[PDB]
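Structure, as structure tokens:
Chain identifiers are assigned alphabetically (A, B, ...) following the order of the sequence lines, protein sequences preceding nucleic acid strands; residue numbering begins at 1 within each chain.
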Amino acid sequence: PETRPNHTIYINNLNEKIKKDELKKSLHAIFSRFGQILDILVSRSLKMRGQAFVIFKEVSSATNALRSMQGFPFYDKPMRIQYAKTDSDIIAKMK
RNA sequence: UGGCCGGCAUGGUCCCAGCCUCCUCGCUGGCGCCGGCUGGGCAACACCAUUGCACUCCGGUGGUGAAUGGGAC
Ligand SMILES: [Mg+2]
Ligand SMILES: [Mg+2]
């Protein structure tokens, strides 16, 4: 059951050996070109490691980001991207 | 020594270089041998497990079972 378009993209299959601060920075380095990014959430907990949430201001950016970077080698691993299931709080606090 | 004890061995104080380490990374730390008890913490590092949809920080285990020489008095 695929997911519907969202302001936020959910990425997984990320190298778990990368520290949080660096991961967010590197992610911003490659995704900022698709549009303004409101935030990038990363957690190294047992349940949230290897994944990240990049929150774009406009859905078209998320959609572009998703199509353009699907499978992109990042820290030696093919990035897997999908739309997030539900809106991030930062987005709800508006739209 | 992260805290603590037992056995044995061992002239001294320095000075230069090199090396070691999860627990006060460096020159007013340490760098003989053997044995046993034990605390903290996953922050760093490593290993194991994890492919996971969050917006509440939060899986486990291991390391000292470490490290040489030279010179001056
Ligand atoms: Mg020590
Ligand atoms: Mg950990």
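An OP1 or OP2 oxygen of B/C45 is reached within less than 4.0 angstrom by a side-chain nitrogen or oxygen of A/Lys19.
The ring pair (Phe, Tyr, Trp, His ring centres under 6.0 Å) test applied to A/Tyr10 returns A/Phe53, not counting sequence neighbours. Considering only residues two or more places apart in sequence or on other chains, A/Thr63 meets the side chain to side chain donor-acceptor pair (under 3.5 Å) condition with A/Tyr83. Listed by chain and residue number, nothing satisfies the salt bridge (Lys or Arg N to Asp or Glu O under 4.0 Å) test with A/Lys47 (two or more places apart in sequence, or in another chain). When the side chain to side chain contact (heavy atoms under 4.5 Å, CB included) test is applied to A/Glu58, the partners found at least two apart in sequence or on another chain are A/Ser60, A/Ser61.
Here, B/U50 and B/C31 have their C1' atoms 41 Å apart, quoted to the whole Å. One P atom belongs to B/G30, the other to B/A9, and the distance between them is 24 Å to the nearest Å. Taking the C1' atom of each, B/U64 and B/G32 are spaced 15 Å apart, rounded to whole Å. B/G59 sits 16 Å from B/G41 when the P atoms are compared, rounded to a whole Å. Look at the P atom in both B/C33 and B/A67: the space between them is 8 Å, to the nearest Å. Between B/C45 and B/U21, the distance separating the two P atoms is 16 Å to the nearest Å. The same atom, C1', is picked in B/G39 and in B/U1; the two are 13 Å apart, to the nearest Å. Separating the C1' atom of B/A43 from that of B/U24 is a span of 14 Å, rounded to the nearest Å.
Linking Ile, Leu, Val, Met, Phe, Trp and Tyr whenever their side-chain heavy atoms come within less than 4.5 Å leaves A/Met48 and A/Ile55 in two separate clusters. Using a 4.5 Å cut-off between side-chain heavy atoms of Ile, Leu, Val, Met, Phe, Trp and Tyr, with links allowed through other members, A/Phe74 and A/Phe31 fall into the same hydrophobic cluster.
Consecutive residues B/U64 and B/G65 form an unstacked step, taking six-membered ring centres below 5.5 angstrom and planes below 30 degrees as the test. Stacking annotation: B/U13 and B/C14 stacked (six-membered ring centroids under 5.5 angstrom, interplanar angle under 30°). With the rule of ring centres under 5.5 Å apart and planes tilted under 30°, the neighbouring bases B/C23 and B/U24 are not scored as stacked. Neighbouring nucleotides B/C27 and B/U28 fail the stacking criterion: their six-membered base rings are not both under 5.5 Å apart at the centres and under 30° between the planes. Neighbours B/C42 and B/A43 form no stacked pair of bases, judged on six-membered rings against the 5.5 Å and 30° limits.
Closest approach to the A/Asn12 side chain among B/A54, B/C53, B/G52 is made by B/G52 (side chain taken as heavy atoms from C-beta onward). In this structure, the nucleotide among B/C53, B/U50, B/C55 sitting nearest to the side chain of A/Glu16 is B/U50.
Atoms CD1 (A/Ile91) and P (B/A54) sit 18 Å apart, rounded to a whole Å. A/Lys77 places its NZ atom 8 Å from the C1' atom of B/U51, with the value rounded to the nearest Å. A straight line from CZ of A/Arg80 to P of B/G52 spans 8 Å, rounded to a whole angstrom. Whole-Å rounding puts the A/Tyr10 OH to B/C55 P distance at 13 Å. When the P atom of B/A44 is taken as reference, atom CD of A/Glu22 falls 13 Å away, rounded to whole Å. Rounded to an integer number of Å, the gap from NZ of A/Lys20 to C1' of B/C57 is 10 Å. Taking atom CD1 of residue A/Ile81 and atom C1' of nucleotide B/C53, one finds them 15 Å apart after rounding to whole Å. One atom, CD of A/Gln82, and another, P of B/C53, lie 9 Å apart when rounded to the nearest Å.
Across all strands shown, B/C37 pairs with B/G3; the Watson-Crick or G-U wobble distances both stay below 3.5 Å. As the counterpart of B/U13, B/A72 is assigned, both hydrogen-bonding distances of the Watson-Crick or G-U wobble pattern falling under 3.5 Å. The partner of B/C45, taking Watson-Crick or G-U wobble pairs whose two distances both stay under 3.5 Å, is B/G62. Pairing of B/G18, defined by two Watson-Crick or G-U wobble distances under 3.5 Å, is identified with B/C31.
Using the sign of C1'-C2'-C3'-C4' as the criterion, B/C25 is classed as south-puckered. Here B/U24 has a north sugar; its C1'-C2'-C3'-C4' angle has a plus sign. Nucleotide B/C53 shows a negative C1'-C2'-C3'-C4' value and thus a south, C2'-endo-like sugar. Judged by the sign of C1'-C2'-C3'-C4', the furanose ring of B/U38 adopts a north, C3'-endo-like conformation. A positive value of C1'-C2'-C3'-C4' puts the sugar of B/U50 in the north, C3'-endo-like family.
No Watson-Crick or G-U wobble pair links B/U50 with B/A66 with both defining distances under 3.5 Å.
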Could you list all N or O pairs between the protein and nucleotides 58-62 of chain B that sit under 3.5 Å apart?
unit_1 : atom_1 : unit_2  : atom_2 : d
B/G59  : OP1    : A/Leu46 : N      : 2.9
B/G59  : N7     : A/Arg49 : NH1    : 3.4
B/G59  : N7     : A/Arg49 : NH2    : 2.9
B/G59  : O6     : A/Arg49 : NH1    : 3.2

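Counting atom types as modelled, A/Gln51 pairs no side-chain N or O with a base atom of B/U51 as donor and acceptor under 3.5 Å. Evaluation of atom-type donor-acceptor distances gives no pair under 3.5 Å for the side chain of A/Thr8 against the base of B/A54.
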### Message
Does A/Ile91 form a side-chain contact (heavy atoms from CB on, under 4.5 Å) with A/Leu38? I'd like the steps, not just the answer.
### Response
CA-CA 9 Å; A/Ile91 286 305; A/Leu38 301 174; 3.7 Å; yes
### Task
Determine, step by step, whether A/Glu22 and A/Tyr75 satisfy the side-chain hydrogen bond (donor to acceptor under 3.5 Å, both in side chains) criterion, reporting the C-alpha distance in whole Å, the side-chain angles of both residues, the deciding distance to 0.1 Å, and the verdict.
CA-CA 11 Å; A/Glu22 181 190 336; A/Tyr75 285 109; 2.7 Å; yes
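Residue side chain A/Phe53 meets the stacking definition with respect to B/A54: its ring centre sits within less than 5.5 angstrom of the base's six-membered ring centre, and the planes differ by less than 30 degrees.
The list of ring pair (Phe, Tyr, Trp, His ring centres under 6.0 Å) pairs with a residue in residues 32-51 of chain A, not counting sequence neighbours, is empty.
Nearest approach of A/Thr3 to A/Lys85, heavy atoms of both residues: CG2-CA, 3.7 Å.
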